[PDB]
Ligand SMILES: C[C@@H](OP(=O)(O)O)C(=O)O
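There is one chain below, alone, in structure tokens, taken in the form solved without the named molecule.
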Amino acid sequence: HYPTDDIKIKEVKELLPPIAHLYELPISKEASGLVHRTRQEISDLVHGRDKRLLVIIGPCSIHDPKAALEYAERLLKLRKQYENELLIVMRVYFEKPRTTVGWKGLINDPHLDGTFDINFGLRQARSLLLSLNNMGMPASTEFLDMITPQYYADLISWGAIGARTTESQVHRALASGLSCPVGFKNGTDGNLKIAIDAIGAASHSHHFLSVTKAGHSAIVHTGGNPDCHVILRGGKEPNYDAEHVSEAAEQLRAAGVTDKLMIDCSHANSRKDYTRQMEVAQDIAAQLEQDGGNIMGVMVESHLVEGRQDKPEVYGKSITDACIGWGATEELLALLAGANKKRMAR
């Protein structure tokens, strides 16, 4: 026999099943209530029943749980303070997806050394998400595959599908069965249609392969997800301004799906310059003051210390994309709370 199986595989290793983590870290009654309620409050925004602004805000990536928890303490106070204008949810992303050289994130490589201790990574991820919900901070994350959600999606109040997978049929099928509302990014070249098609698709029932809670190969049958929306993240040019929002809203209505959308203040819309997220937020603030009816949320990349570093030396500073520091965070949130108070008052 010539070999034909696993020719280009170095190793296949068993992971602990979801249920091993769920046994160690069950969702508490209070975390359950927060997640349940936060998903519902987000649905209300997606569907225009409430005019608060959803704000997904936090580090580009989580590389330190201690810092993430300190960040969440500071954020919670503003969450509460602005609760009538803003719905603040912490950004809890474990990786920056690069199909290239670079750290593969906290789940895949928690030790930051290339050892791929994924059992530890998943444990740490779940543990942080549970501690967050327990202190009263809801969590948001991006789902990159069809298996990881079984480990922690019970703790997630809002989920993202990235620009590179929005068109993927199987990722649309995943979104159709996510317990949380889901945002779809427009394409890497600014293509809106793939995200608009994604919202329609994810509303329907699908089948996809995954694993049971007990860790075994499975077929999953979804019910559909009515709570999906687009996320404007730039493309050929930035797409956050009134003209781009109006055009997207127009296309959304034509497709018969929600014309309420979210705008990334970071990444391509800021020209990959953290000091310009404020610029985008100010533009958004002005929209909310003039009208801004089609805006239901924004995303901001924020951390305890501004900027970036390429190794984790400075506490609370990003090792992936540069973030605004805490001072600028307070200023940006005050700005959007002020502006949206006026919108809501009409």
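Sequential numbering from 1, following the sequence displayed.
Absent from the display: the form solved in complex with the named molecule. The rest refers to it.
Asker: Check 63, 114 and 313: does every one of them have a heavy atom within 4.5 Å of the named molecule in the deposited complex?
Answerer: No: none of 63, 114 and 313 comes within 4.5 Å of the named molecule in the deposited complex.
Asker: Looking at heavy atoms inside 4.5 Å, which stretch does the named molecule contact in the deposited complex, given the options 118-126, 191-199, 92-100, 239-247?
Answerer: Result for this chain: 92-100.
Asker: Can you tell me whether residue 272 touches the named molecule? I mean in the deposited complex, with a 4.5 angstroms heavy atom cut-off.
Answerer: So residue 272 does not count as contacting the named molecule.
Asker: Though only this chain appears here, would residue 162 touch the named molecule in the deposited complex if you measure heavy atom gaps against 4.5 Å?
Answerer: Contact check for residue 162: yes, within 4.5 Å of the named molecule in the deposited complex.
Asker: Can you check whether residue 185 is within 4.5 Å of the named molecule in the deposited complex, heavy atom basis?
Answerer: Result yes; residue 185 sits at the interface with the named molecule in the deposited complex.
Asker: So in the deposited complex, is the named molecule close enough to residue 172 to count as touching (4.5 Å, heavy atoms)?
Answerer: Outside the cut-off, so no.
Asker: Have a look at 259, 109, 85, 142 for me and say which one sits with a heavy atom within 4.5 Å of the named molecule in the deposited complex.
Answerer: Selected option: 142.
Asker: Here the chain is shown alone; which of 267, 206, 276, 79 has a heavy atom within 4.5 Å of the named molecule in the deposited complex?
Answerer: Of 267, 206, 276, 79, the residue with a heavy atom within 4.5 Å of the named molecule in the deposited complex is 267.
Asker: Could you list the residues in 297-319 that come within 4.5 Å of the named molecule in the deposited complex, counting only heavy atoms and keeping sequence order?
Answerer: The one in contact is 301.
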